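The next block holds one structure in the form of structure tokens; read it before the comments.
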Amino acid sequence: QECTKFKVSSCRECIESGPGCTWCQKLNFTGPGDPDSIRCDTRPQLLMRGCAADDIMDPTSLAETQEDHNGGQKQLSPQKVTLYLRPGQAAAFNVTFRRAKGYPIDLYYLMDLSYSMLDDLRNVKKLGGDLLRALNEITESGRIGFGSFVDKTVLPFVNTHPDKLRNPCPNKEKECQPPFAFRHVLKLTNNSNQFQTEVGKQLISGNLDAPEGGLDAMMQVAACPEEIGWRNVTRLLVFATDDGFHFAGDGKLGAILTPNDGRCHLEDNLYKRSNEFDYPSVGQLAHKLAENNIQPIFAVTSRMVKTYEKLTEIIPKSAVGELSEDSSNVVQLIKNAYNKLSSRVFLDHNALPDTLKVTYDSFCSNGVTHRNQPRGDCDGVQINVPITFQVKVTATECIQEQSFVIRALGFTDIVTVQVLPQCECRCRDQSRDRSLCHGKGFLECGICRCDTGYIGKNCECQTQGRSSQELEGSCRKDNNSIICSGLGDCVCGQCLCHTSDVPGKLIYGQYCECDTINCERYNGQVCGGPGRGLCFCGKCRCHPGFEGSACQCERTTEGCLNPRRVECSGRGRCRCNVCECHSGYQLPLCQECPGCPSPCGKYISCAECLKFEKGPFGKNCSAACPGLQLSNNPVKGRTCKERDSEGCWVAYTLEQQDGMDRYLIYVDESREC
Amino acid sequence: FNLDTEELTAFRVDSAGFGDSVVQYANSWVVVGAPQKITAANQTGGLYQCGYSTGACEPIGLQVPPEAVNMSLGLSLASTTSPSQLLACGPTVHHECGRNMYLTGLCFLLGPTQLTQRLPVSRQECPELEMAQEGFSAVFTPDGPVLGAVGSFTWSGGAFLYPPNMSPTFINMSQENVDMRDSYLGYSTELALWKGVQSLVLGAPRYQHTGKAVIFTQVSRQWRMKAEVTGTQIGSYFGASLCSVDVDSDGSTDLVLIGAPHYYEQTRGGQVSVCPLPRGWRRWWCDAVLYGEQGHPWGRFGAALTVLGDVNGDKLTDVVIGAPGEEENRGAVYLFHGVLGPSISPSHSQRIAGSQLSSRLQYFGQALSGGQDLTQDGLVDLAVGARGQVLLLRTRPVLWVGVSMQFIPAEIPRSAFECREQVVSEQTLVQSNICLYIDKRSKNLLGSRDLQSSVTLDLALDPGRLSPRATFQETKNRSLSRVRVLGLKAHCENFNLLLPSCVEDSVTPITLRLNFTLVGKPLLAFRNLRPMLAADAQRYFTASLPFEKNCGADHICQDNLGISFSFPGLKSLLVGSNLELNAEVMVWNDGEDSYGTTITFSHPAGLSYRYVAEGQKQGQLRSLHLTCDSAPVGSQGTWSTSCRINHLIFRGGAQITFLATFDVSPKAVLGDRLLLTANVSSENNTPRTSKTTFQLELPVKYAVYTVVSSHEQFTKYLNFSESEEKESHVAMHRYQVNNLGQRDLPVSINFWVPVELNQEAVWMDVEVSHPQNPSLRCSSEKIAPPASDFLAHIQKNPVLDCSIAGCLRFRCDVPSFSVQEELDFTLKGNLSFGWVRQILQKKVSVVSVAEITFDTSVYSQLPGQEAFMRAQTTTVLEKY
Ligand SMILES: *[C@@H]1O[C@H](CO)[C@@H](O[C@@H]2O[C@H](CO)[C@@H](O[C@@H]3O[C@H](CO)[C@@H](O)[C@H](O)[C@@H]3O)[C@H](O)[C@H]2NC(C)=O)[C@H](O)[C@H]1NC(C)=O
Ligand SMILES: *[C@@H]1O[C@H](CO)[C@@H](O[C@@H]2O[C@H](CO)[C@@H](O[C@@H]3O[C@H](CO)[C@@H](O)[C@H](O)[C@@H]3O)[C@H](O)[C@H]2NC(C)=O)[C@H](O)[C@H]1NC(C)=O
Ligand SMILES: *[C@@H]1O[C@H](CO)[C@@H](O[C@@H]2O[C@H](CO)[C@@H](O[C@@H]3O[C@H](CO)[C@@H](O)[C@H](O)[C@@H]3O)[C@H](O)[C@H]2NC(C)=O)[C@H](O)[C@H]1NC(C)=O
Ligand SMILES: *[C@@H]1O[C@H](CO)[C@@H](O[C@@H]2O[C@H](CO)[C@@H](O)[C@H](O)[C@H]2NC(C)=O)[C@H](O)[C@H]1NC(C)=O
Ligand SMILES: *[C@@H]1O[C@H](CO)[C@@H](O)[C@H](O)[C@H]1NC(C)=O
Ligand SMILES: *[C@@H]1O[C@H](CO)[C@@H](O)[C@H](O)[C@H]1NC(C)=O
Ligand SMILES: [Ca+2]
Ligand SMILES: [Ca+2]
Ligand SMILES: [Ca+2]
Ligand SMILES: [Ca+2]
């Protein structure tokens, strides 16, 4: 298959050469004056040479599935995978996951209390008897909690002085509560009516800046349940606001450069730290939040629907819910919650050391036959239908014994996956044959590993004083080659490549022909520095995910993809995260051809054949006019304005899209004769 | 990689929010900020000037108006060099308008002049622009300072420019720009000077809640937008920090950095984005590839950053980047280097973090500004602010040195070769002369330091083998060491070597390599402290000594080798295309066996050798491991890349062919022709007279991008009112042209405008205006087409190209069509209606062709073939 020889001193140093490297233990395999490195070839070559099949030491990776009794864990099995991983070779172990049911729920209503959330507070102040009613079907005795929020106390988020602070309410001043940010009104309780009545109590407030500071409230909530309390099962939250959301960095405006610590410090179920404290970074939740098994459910205006949509991409387990400004259809949010919140089966892992690389597979229930990719995104499984993830763990070197975990995001089920560095190989000992190797060395699978001072394929030779006539036979590759290809002094048939105390420099080979420094460069680094790839006798063996002569086409990925997720838009192959835009189309993703003339000619005939019906001329249309789309919307970009078939100036923009002569027009409903 | 981490200065003035924002004042001083240095009734903070002479910070006198309250000044800072000035700011002024107060911002300009105060100090009376906190981020520019507003209107943002005592201007994004609500446009501000006009830049952390950065130009009576780029991720905060930096030193800002401390995908280290400054609006990418980071989540990498300039002396400016969130909240900083044009080096050279016997500072690197020599030890300095205190890190001098090696006795005379065993070892005496001299000096300049330095030398022969093929006499060992004094003037010392009369291996020359460094580091005063070497320090330099190989008991050993190479398929060779250069060299051996045969080339600076490493597969061909070393030779311009066929013999009259490829730079400085040679000889050097060099010379051209379009201000005017044959509805064909090449190059724009048509003029008195540009000279010549049957000709196609009607060529020459110059112009002429009947049809259309040209030789267009240098404009005369 594949096996380039690194320094081969033992069977192990042959293993450290590559996946397709095998070793032969059969003695008397070395010819009259043959190298010991010949024992390390490919399995096929070994058989072609004579090396027996049962003599081919081949340490392979496999998986140990120590399954538990039951109740150990519920629907994440196996529960303990003790893999024995050989570097370069992938170990595969499957993961059965058959979700069951709904466990004890625990909701929490994060509502923004503004003057814009007035009719929301009215149409919601006490509709919690239909929540336990909507909770009755699937789950049983759940929990219900509430937490209000507005925005930081101090400016520029809201006027800090003076007594408009005592009375923020605009114009009506119906005794609205003082400007706040987070007031834990209700704790997680069984009752439902007591919950409703404790809500209507408090009235709205108000602030200056348009977007809210809801993010600060998030952390403070799931920060210290030593004062708020939380169930040890499920924890769902729900964001509600007809406004934006402030993240870290915005605090510098309020003269506060103290970052988010992560823990809430309240004394009266009410924040008094958010002022001497900066906003939680955007990414500070997908971590801390997902650590406490909490998952918000976006539900805001349609004006803020596609902004929380981009937020769904990042943070896991989160849905988008466009609703009216009255918060009347708020209970239907959760009919859409479990819809795709119990559907998103996740299968990530703790941040593994760089010395490892993990992947997965996916066999969703409804048709999908995915292969090779992280996560476990299968948005097509719900109640009682198992799934399949094929976890493939590979290493780059002989790791040290360690252990990590593969959890399902939003689940307490920890799977302790043990990892064992598998790379020794195992035949015999020095009780058998203290004769060969002339006593000064031991035997291991044929060859003999001599002491510090003895060398040779039978420990016959020493490192101080040797050389014969035709021992230099297999000591030079060919008759017209210098001995040991220089940079190596021959002893007992073979060569001992000299050593260089220069970073990277290293000679090796039967005739000392190969080094690990003289290959093709890249970015002023050998084979692409230690990061990208490595050097071995001229050719570069690029790390995984890197190809090319010297890892030049560094990534097998595709940064050539735009948000459209089509490579290089119109034209241009995607080579090494770059596009080869045809014609004058320019970088990076090939959309704007700054030089193209702007052909409106030849397009008039079809413009009056789609919007207006003034006769498809040449033939018909939708055939001589593959600008198939004619949106009934104010598209723009290539503001064109030419004439028609007979006099009148027909106006129309022209937004091209993607490939070749594909377009999208809106022909003004107007003319000018 | 030369940032002091031992002998530095530290100012630990405990004044609340001290060392929270800092800038390089006039070279003599550094100004720090303490916004939260409470003074009076919930008012300002205060500033501190600190000098190097004495490690102490003196308060700075200020006339804080009662008007400005809780403004906590110092939060935003900015310094210019033009004339040395400084700008401090309280971006949080509070003015009570009764019902509710707001925030306006108030700044102070200091210096060796008048203590100005510029919003300017028209205390912003109550009522748009209430909570814009102008001065949140400021930066200078040749035409007055520039402070940034955030809460402009829908918190859109902008920046108020102040001219020279003239009333100030301002730049938002109009209102027609529906979006950009709540983005803090102007959170950060930076300049972008260019050979032409200046350019501003504002950071919008929260454009659509993700983060976009927008660049503005200030054209005469325009002040519109140049371009922009959305963020990569939501919350990433793309727009935080911005720094226009100068990869080279041409003075024209080349690229621009961006910050986004709160970004990630798997590791939340942070994110800084490199984004060059392409010219030609409506197109601009922050994706000139890369973006620096680090492997450590929650690091806030990109919090701040400043241009540092040339520190290691390689003409490639270096930058600094802060990250106060690294480690366990500890601080951190990073150092990167430029490359060539728009680019930086992802792999940083240094990472001085808070673990550097910073006894106990939480987050450091919040802000930082450098580039100014303040300690007055020569090279630039850096200032990085931290919670409580602010540090200064000096740049330790990086010199590197060149070396030469030679063996007085070229090879070995075979005298002490095979030897004999009656009487002695007459141990032959070889001499080996090495020299050391330093050449790259521009920054450190003449005088102390740049000269004197001590060095440790460590010569060692045949190192890799446990069979020392010799020994030095001075020590008798197989190696020796001696500390000697260097200078910018060479230092050559030859040593004595002893070869034992009898030896086994003679084929493999004996190697002699040196390990050298910079020992001691005491030099006069402690105004140098620690010098050091560069990244590409080949501290291991080796030279070989051959032997007189026994070519028999006689036969005298004749060295006869020839050589000849070519270029397969190489057509024309222009700089831009044909980057790699494939050379097929053949070589002979019509004489005694050459063992360590070496093959050296001579070439212009504009290229060097890169290993081919091919395999897959080919051919009747190269198989060949060979060692090549480039190096500068000639007086000025050329230089040699030698390549010795490393490890094996070249015997008999056998010939061999290998492939050696030379990369050529797109900006390859070289004559209109480039020659190159090939010296070939054996390991036993060239014992005799006439060299066997083989050379050839090639014509060289250069890539260029020259495009031309037909501006949409073109007259297509047909209409039915055609009673008589009038004259003057002059049509207007505007043509715009521009070159995205990378070299200034003369050009000549040709034209073709129909006129005469069988004595019947088409359109008369046609000339070409050249607005927005000097009065250039244009030529005029009439020509008569083939005279085919035009009746049926245009009956095919109503078009009226020049092939029918006597056309008119305009040869408008051009002195120097500088790159980027969009030099455009138009042509007009009263268009006669008379000729319309001459052809007996309607809805005819006359066309003008415009094609740009340039000397086909020397220059040429790149991509293969772009006809973008030949536009067209078709007017219509439909009149019924
Ligand atoms: C800079 O940005 C602003 C907003 O982004 C641009 O639009 C300005 O916005 C206001 C919106 O209220 C427009 O209304 C104005 O109302 C005030 C008071 O009610 C009135 O005094 C003004 O005459 C006007 O009706 C305003 O028209 C508009 N400003 C302009 C100059 O049109 C603004 O255009 C941008 N400024 C510049 C100079 O580009
Ligand atoms: C030029 O380079 C040579 C070789 O690299 C330097 O010689 C000595 O080299 C050794 C490594 O071969 C250095 O590391 C030593 O390693 C041993 C463990 O094997 C360790 O116990 C020692 O503490 C030491 O770190 C060694 O530092 C270095 N010199 C010594 C003896 O300190 C040589 O220093 C260089 N030549 C000069 C002086 O310019
Ligand atoms: C073709 O072959 C010759 C020999 O290799 C090159 O000519 C010159 O050769 C001398 C050595 O014989 C080079 O070294 C010079 O040595 C003196 C000391 O003896 C030293 O003082 C000079 O600084 C110089 O290094 C010399 O560099 C080289 N050319 C010159 C005069 O600079 C020649 O380079 C080869 N032809 C080409 C141009 O490819
Ligand atoms: C500035 O105002 C702050 C409050 O905004 C003052 O801080 C304290 O505020 C509370 C609540 O109103 C008062 O009861 C205390 O009397 C204040 N503390 C002290 C020590 O006075 C603060 O005092 C004001 N600063 C100044 C000097 O005017
Ligand atoms: C994992 O599942 C796949 C698909 O059913 C199967 O082909 C494979 O054999 C399984 N692997 C293991 C380790 O059982
Ligand atoms: C002499 O030679 C030995 C062995 O090569 C070496 O270790 C030692 O450093 C040398 N001594 C001196 C004084 O150079
Ligand atoms: Ca509402
Ligand atoms: Ca520059
Ligand atoms: Ca530099
Ligand atoms: Ca200095």
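One is the number of the first residue shown, and numbering goes on along the chain from there.
Looking at the header, which is where the method is noted, we find X-ray crystallography, 4.0 Å.
Keep in mind that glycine also has a Cβ here, set from the backbone N, Cα and C atoms.
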Same Mg(2+) site per Swiss-Prot - residue from A:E16, A:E198, A:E212 joining A:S114, A:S116: A:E212
Given Swiss-Prot lists A:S116, A:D119, A:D120, A:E325 for Ca(2+) 1, the same-site residue among A:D34, A:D209, A:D242, A:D413: A:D242
Per Swiss-Prot, A:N207, A:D209, A:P211, A:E212 bind Ca(2+) 2; matching candidate in A:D151, A:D261, A:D268, A:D278: A:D151
Disulphide partner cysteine [Swiss-Prot] for A:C568, chosen from A:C579, A:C581: A:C579
Largest tally of Cβ atoms lying within 10 Å of a Cβ, found at which of the disulfide-bonded residues A:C21, A:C461, A:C568: A:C568
Recorded positions near A:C568 (disulfide bond) (Cα-Cα within 10 Å), from A:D151, A:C427, A:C551, A:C581, A:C590: A:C581, A:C590
Mapped DSSP class for A:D151 (Ca(2+) 2 binding site), helix or strand or coil: coil
Chain B, Cβ under 8 Å: which of the disulfide-bonded residues A:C3, A:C14, A:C169, A:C427 qualify: none
Packing count at A:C551 (disulfide bond) (other Cβ atoms within 10 Å of its Cβ): 25
A:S114, A:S116 as binding-site residues, winner by CB count within 10 A: A:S114
Spatially closest candidate among A:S114, A:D119, A:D120, A:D151, A:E325, the listed binding-site residues, to A:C450 (disulfide bond) (Cα to Cα): A:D151
Densest Cβ neighbourhood among A:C169, A:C176, A:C427, A:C512 (disulfide-bonded residues), 10 Å radius: A:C512
Of the recorded positions listed as A:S116, A:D120, A:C169, A:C553, A:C581, the one whose CA lies nearest the CA of A:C40 (disulfide bond): A:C553
Additional residues surrounding Ca(2+) 2, by Cβ distance to the A:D151, A:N207, A:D209, A:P211, A:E212 centre under 8 Å: A:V150, A:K152, A:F157, A:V158, A:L208, A:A210, A:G213, A:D243, A:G244, A:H246
Of A:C497, A:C576 (the disulfide-bonded residues), the residue whose Cβ has the fewest other Cβ atoms within 10 Å: A:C576
Recorded positions clustered about A:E325 (Ca(2+) 1 binding site) [Cα within 10 Å; pool: A:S116, A:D151, A:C581]: A:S116
Fewest other Cβ within 10 angstroms of its own Cβ, chosen from the disulfide-bonded residues A:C14, A:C445, A:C495, A:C579: A:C445
